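Structure in C-alpha cells, see below.
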Amino acid sequence: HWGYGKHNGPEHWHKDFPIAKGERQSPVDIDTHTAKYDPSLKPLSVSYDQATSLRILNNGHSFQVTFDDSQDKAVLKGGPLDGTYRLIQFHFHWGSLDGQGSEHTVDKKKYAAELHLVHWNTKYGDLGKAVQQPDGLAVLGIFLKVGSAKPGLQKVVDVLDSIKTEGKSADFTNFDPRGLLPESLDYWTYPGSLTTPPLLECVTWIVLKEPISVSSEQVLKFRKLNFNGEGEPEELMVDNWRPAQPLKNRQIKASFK
Ligand SMILES: CCN[C@H]1C[C@H](C)S(=O)(=O)c2sc(S(N)(=O)=O)cc21
Ligand SMILES: [Zn+2]
C-alpha cells in the first residue's frame, strides 16, 4: 500500500511503520562542517571480483539487481564495520528532474540520484535475520550527478525497457558492480535505517564522498519506468526518494580530512 505519492508517501509511512519517527532513521543531511574526521576509521574493503548477479527486477518502488548471496562472493568489510557483509542487491532512487532524487544530501544539496548497494552481516546467516539487528546491514551509498555517461551503468540502462512495470523481471547475469564505483572510497558513516518500509534501524550507512557521473540519456531511461503494473494507469517511477530525517542523537564521521 505504501509508495511515494501524495496519499501513500513518506509522510504517511509512520502509520503502518511507527519506527518512521524513531531515533536512527535515514536518510539524513550530511553537514560537511559538522561531520568529524575520525583517523581511527579504516579504508573500506570492497571485494566484488567474484560477484554473481542473478536478475533485474521492477518491484514497484525501484528497480533492483539481485546477487547470489549464498556464500562469500561479493563482500564489504573494513571501514567502520566489524566482520563481513555480503552483497544481496543494488537499486537506485531518482528524481523527476536533475535537481532532486538523492535521499542523502550534502550541505542540503540534492543529487540527481542515489545508488544503494545493500549488504548483510554474515554472522546473522540470512537477510531476514540481519534486518532485526542494529549491526545487521551495511549499505554503500553513491551519489549520481548528470554529466558524462557511466559506461558501467549502460548494461543496466539497456534492459530497463524489458521491466517497465511492477512485477517484471529479467535475467541479468555476469554484471560487474565494480563498474558503478567512483575513484575514491572516501566516505561518511553513521548509524541509520532502511529508507523504505519497514524502515528497520539495522543499517551502518557508508556514503561515498565522490559522486559518479551518468548521462542525461541514462537517467532519462530510469524515468521511463512505471510504479504501476502492466495494464494499469501509467504513473512514471520518478521521485522515489525519502527526504532527510532528523539526525537526533547521532554523529556522522568522515574517513577523510
Ligand atoms: C522494498 C523494501 N526493501 C527494504 C527491505 C529489504 C529486505 S532490503 O534489501 O534490506 C532494503 S535496503 C533498503 S535502502 N533504500 O535503505 O537501501 C530498503 C530495503
Ligand atoms: Zn535505497
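Filter the trypsin sites (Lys or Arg not before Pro) in region 1-62 to those in DSSP coil with at most 16 other Cβ atoms within 10 Å of their Cβ, and list the result. List each step's numbers first, then the result.
Numbers: sites: 6, 15, 21, 24, 36, 55; in loops: 6, 24.
Loop-located and lightly packed - 6.
Moving to a separate point now. Roughly how big is region 103-147's charge dipole about its Cα centre, with Cβ charges of +1 (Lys, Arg) and -1 (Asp, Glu), in debye to the nearest 20?
140
Just the ratio, please: alpha-carbon radius of gyration of the chain over 2.2 N^0.38 Å, N its number of residues. All intermediate terms of the calculation are to be shown ahead of the outcome.
Working: Rg = 17.1 Å, N = 257, 2.2 N^0.38 = 18.1 Å.
Its radius of gyration relative to the 2.2 N^0.38 Å reference: 0.95.
Mind scanning 6/145; 36/164; 221/248; 15/73; 77/155 and naming the pairs with a C-alpha gap bigger than 32 Å?
Working: 6/145 26 Å; 36/164 42 Å; 221/248 37 Å; 15/73 38 Å; 77/155 27 Å.
From the list (6/145; 36/164; 221/248; 15/73; 77/155), the Cα-Cα distance tops 32 Å for 36/164; 221/248; 15/73.
So, one more: Could you give the length gained by full extension between residue 50 and residue 7, i.e. 0.36 nm per residue of separation minus their alpha carbon distance, to one decimal place? Write down the numbers at each step before the final one.
Working: separation 43, 0.36 × 43 = 15.48 nm, distance 4.24 nm.
Net length gain for the segment: 11.2 nm.
Right, next: Give me the net charge of residue 254's neighbourhood, meaning all other residues with Cβ under 9 Å from the Cβ of residue 254; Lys, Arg count +1, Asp, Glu -1.
On the way: positive: 36, 209, 253, 257; negative: 38, 186.
Within the 9 Å Cβ shell, the charges total +2.
Still on this model: Restricting attention to region 181-257, which chymotrypsin sites (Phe, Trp or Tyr not before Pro) occupy a DSSP loop and are surrounded by at most 15 other Cβ atoms within 10 Å? Working shown, then result.
Working: sites: 187, 188, 205, 222, 227, 241, 256; in loops: 227, 241, 256.
Listed in order of number, the matching sites are 256.
Would you list which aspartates and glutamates come within 12 Å of residue 42, measuring only between C-alpha atoms, while excluding same-chain residues fewer than 8 positions from it?
Leaving aside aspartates and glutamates fewer than 8 places away in the same chain, those within reach of residue 42 are 82, 186.
Also, quick follow-up: How high is the relative contact order of the chain? Use alpha-carbon pairs under 8 Å, at least six apart in sequence, and give a whole percent. Write down the numbers at each step before the final one.
Numbers: 646 pairs, mean separation 68.2, N = 257.
Answer for the chain is 27 percent.
Oh, and also: For the chain, with the dipole built from +1 on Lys and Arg beta-carbon atoms and -1 on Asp and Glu ones, taken about the Cα centre, which of 149, 39, 125 lies farthest toward the positive end?
Going by the charge dipole, the pick is 39.
Further question: Write down the percent of antiparallel bridges among all DSSP beta bridges whose residues are both part of the chain, to the nearest 5. Please list the in-between numbers first.
Details: 44 of 56 bridges.
Taking every DSSP beta bridge within the chain, about 80 percent pair in antiparallel fashion.
Scattering from the C-alpha atoms of region 169-257 alone, worked out with Debye: what is log10 I(q)/I(0) at q = 0.14, 0.15, 0.18, 0.19 1/Å?
With one equal scatterer per Cα and no solvent, log10 I(q)/I(0) is -0.83, -0.94, -1.21, -1.26.
Can I get the semi-axes of region 1-116's equivalent ellipsoid? Compute them from the C-alpha gyration tensor as square roots of 5 times the eigenvalues, in angstrom, largest first. Walk me through the numbers on the way to the answer.
On the way: eigenvalues 140, 100, 47 Å².
Equivalent ellipsoid semi-axes, largest first: 26, 22, 15 Å.
Okay, moving on. Would you work out the charge dipole size for the chain about its Cα centre, treating the Cβ of every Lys and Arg as +1 and the Cβ of every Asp and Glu as -1, and quote it to the nearest 20 debye?
Working: 30 positive and 32 negative charges, 122 e Å.
Magnitude of the dipole: close to 580 debye.
Cβ sites come from the backbone with ideal geometry, for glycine too, and all protein chains shown count toward neighbours. No value in this document is a laboratory result; all are computed from the given coordinates.
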